[PDB]
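A single chain, nothing else alongside it, follows as C-alpha cells in the form deposited in one PDB entry.
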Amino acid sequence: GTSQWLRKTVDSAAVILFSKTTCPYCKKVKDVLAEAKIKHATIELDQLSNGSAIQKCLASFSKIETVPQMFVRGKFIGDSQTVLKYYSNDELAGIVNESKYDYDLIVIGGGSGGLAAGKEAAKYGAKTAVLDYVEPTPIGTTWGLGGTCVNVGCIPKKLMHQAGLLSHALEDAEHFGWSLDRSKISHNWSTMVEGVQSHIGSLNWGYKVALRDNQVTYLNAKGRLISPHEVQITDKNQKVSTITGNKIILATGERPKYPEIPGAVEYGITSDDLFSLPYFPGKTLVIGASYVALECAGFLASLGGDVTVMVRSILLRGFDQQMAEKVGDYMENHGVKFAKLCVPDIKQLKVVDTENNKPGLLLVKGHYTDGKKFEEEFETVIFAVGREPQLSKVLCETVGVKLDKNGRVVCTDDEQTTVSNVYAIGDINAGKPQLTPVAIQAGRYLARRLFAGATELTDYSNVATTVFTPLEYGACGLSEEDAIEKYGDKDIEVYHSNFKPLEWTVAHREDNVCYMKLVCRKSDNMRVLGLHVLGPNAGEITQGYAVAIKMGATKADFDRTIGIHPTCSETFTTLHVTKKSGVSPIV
C-alpha cells in the first residue's frame, strides 16, 4: 500500500523534502533551500496518519530512518549534514539543476487548464515550460495568452451579456422614479468592444507576469509531441527546434466547426471573431442552437440587433428540455426570431466595408424539414454548430496516444493517457464536462500529484452550469428526463414553482415566467437528483446548492433550512407543489 505510493512520489518529484514540523534540523535545511532560492515540495510526516510507517519505508531508498531527507528527481541527496556540506562547498545548485531532460514539465496549451497546471507545478520546484500559440481564424483574427475563455469565451461573452442586461435597467429606472427616457438612448458597439478588449488585454499581460514570477518559461510557439519525451516547437519566424521534458500535459482545447456548404468559410464568422468585431453585426443570422448560439443571439437583440436563430431540431440538446423550451419562449417573446426545423444550404452580395466600418450583405438559402424553402438576406452570419479539437496538429500518431471516435484523448480517472508520462486536461479529455473551472481544478490537482506527493483526484460528477441567455438558466445534476429514464417514473417526485423577483414588481414585468424545480428520488430518502432555476442572477443562485448536492442533500434538508428574505433563491426552501398532484405552480 504505502510502498507503491512512496516509490512513485520520489520518482516523480523534482525536489522533495520529508520533514517534521517540530524538528529544528528540518528547519535548518528548510532555511538553506529558502536562502538558495531553491523551490521544493515538503511532506511533514508528523501530520499524517501512516506518517510513522512512511519514515520506516523511506529507509529503503536512503538507508536512514531519520528526518530530514532530501531527494532530487528520484535520487537521495542526503540528511541535514550532507545537504549542509554541499551548501558550504557551492555544490548544491549543481545537484538540484541536473536533470535528464530540459524540463520536468512541458505544457502544450496556454489556456485555462494549461496555465493552471503550469503555475502549480512550478511551486514545488518543477522546471516548467508553457507553450501557447493561437492559429488565426479564416478571416485572420488572432489574440493573446490565456486561452479560449479569457479571449473569446466566458469573459467577453458575459461582459456583452451585461451591456445587454443594462438595457432593461434603463427600462426599469423610469418606473422606480428616475427621469431618463429609454426611448431616446442608443448603443455604440465599437465603444463597448473597446472596453471588453482593454480588459482582455489586462488579462493577457497578467498571465505573462504570473508565469515570469513563478520562473516558468513562456514560449509563444506551436508545439508537436513527436515522441514520449520530445516536443518540436516552431516559433514566430518558423524556426523549428526540439525540447525534452519528463512529464507532458496536453491542454490545447478546441475551435469552432463550420458546416460543409458553399460560402460558409468565405463569408461567415464564429464566436472567435465576434468579440473583436470592428463594426456592429447589423441584421444577423445565427445558425445553431447550443448555449453559444442562444447566448450570442441574446445580447445582440438586447443591443438593438435584428436577430434570427436557425434551429435544426431542438434548443440545448442534452439539457433538461422543459427548461430549454422556457429559455426559448422567453427569447421569442422578447425580440429574438426563430426559424425552426431548418438548415442552411451562403451567397455574397456586398463585401465588408473595411474602411468605413460597415458590414457586408449576404444571401442565405436553405430549406425546412418538410420541404419548404428558406431565403433571406442578412448583414452578418454567425455559425455556432459545435467545437472540435484537431490533435493531428498536436500529436504524432506514432507516439501512441489513444483517441476516441470524436477525436478526443482517452484518459484514466487520473488524467493519464496511454503513454505513461503523458496526460491530457480540459476540453480535449474525452467524456469530461467542457467548462473552464473544471480545466483549472484538473490541472492544479494533477500538478500536486506529480510533484508534491498529493493523491486527491478531480471529482467530475454533478458539476453545475449556467446559460447566460437574456433570462439565465442555472443547473446542478440530472435533467428530469434523465432521472426518469434511469430510475422509473414512479420512483421520481418533482417539486416545482413559478416565482416573480421583487425587483420586477414595480417595473411591471411578467408574473409567471421565472421557474424552478427539484427532481428527487423517492426510494432514496427523497434525495435531490437535480436542481433547476430560470431567473435573474441564476449563477449566484445555483452555486451554493452545488455544495449541498455534492454532500447528498435531501428534500428534508432544503425544508429545514430557513430562507433569506427577500430573495429569489429563498423560493427553494419552501417548495411543496408536486408535478403528480396536478396543482398549478403559478404565483
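All residue numbers refer to positions in the sequence shown, first residue = 1. Only the largest set of C-alpha atoms that superpose within 1.5 Å between the two forms is called the rigid core.
Greater C-alpha displacement in 9 other deposited structures of this protein (rigid core superposition, RMS over structures and residues), of 24-32 versus 542-550: 24-32.
Each structure in 9 other deposited structures of this protein is fitted to the shown form on the rigid core, and of 415-423 and 92-100 the C-alphas lie farther away on average for 92-100. The entry models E397 and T398 with no unmodelled deposited residue separating them. Here the stretch with the larger average CA B-factor, out of 387-395 and 292-300, is 387-395.
Taking only CA atoms, the mean B-factor in the PDB entry is higher for 78-86 than for the other of 78-86 and 163-171.
The top Cα temperature factor in the record, among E44, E540, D524, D559, falls on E44. Taking the deposited Cα B-factors for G535, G544, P68, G530, the highest one is held by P68. When the modelled residues of the chain are ordered by their C-alpha B factor, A221 lands in the middle third.
Looking at the C-alpha B-factors along this chain, the one for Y445 belongs to the lowest third. Ranked against the other modelled residues of its chain, the C-alpha B-factor of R73 as given in the entry falls in the highest third.
Residue-level temperature factors show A548 in the lowest third of its chain, judged at the C-alpha atom. Ranked within its chain, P259 lands in the highest third, by CA B factor from the PDB record.
There is also a form solved in complex with a small molecule; it is not shown, and the following applies to it.
At a distance threshold of 4.5 angstroms between non-hydrogen atoms, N220 is in contact with the small molecule in the deposited complex. Taking the partner from the other structure, the small molecule in the deposited complex has no heavy atom within 4.5 Å of any heavy atom of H496.
At a distance threshold of 4.5 angstroms between non-hydrogen atoms, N512 is out of contact with the small molecule in the deposited complex. Though the partner is left out of this view, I314 does reach within 4.5 Å of the small molecule in the deposited complex, counting heavy atoms only. Against the small molecule in the deposited complex, the set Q238, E332 and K340 is in full contact: each member has a heavy atom within 4.5 Å. The contact residue chosen from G206, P262, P136, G94 relative to the small molecule in the deposited complex is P136, the criterion being a non-hydrogen atom within 4.5 angstroms. Only one of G245, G268, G125, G328 comes within 4.5 Å of the small molecule in the deposited complex through a heavy atom, and that residue is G328.
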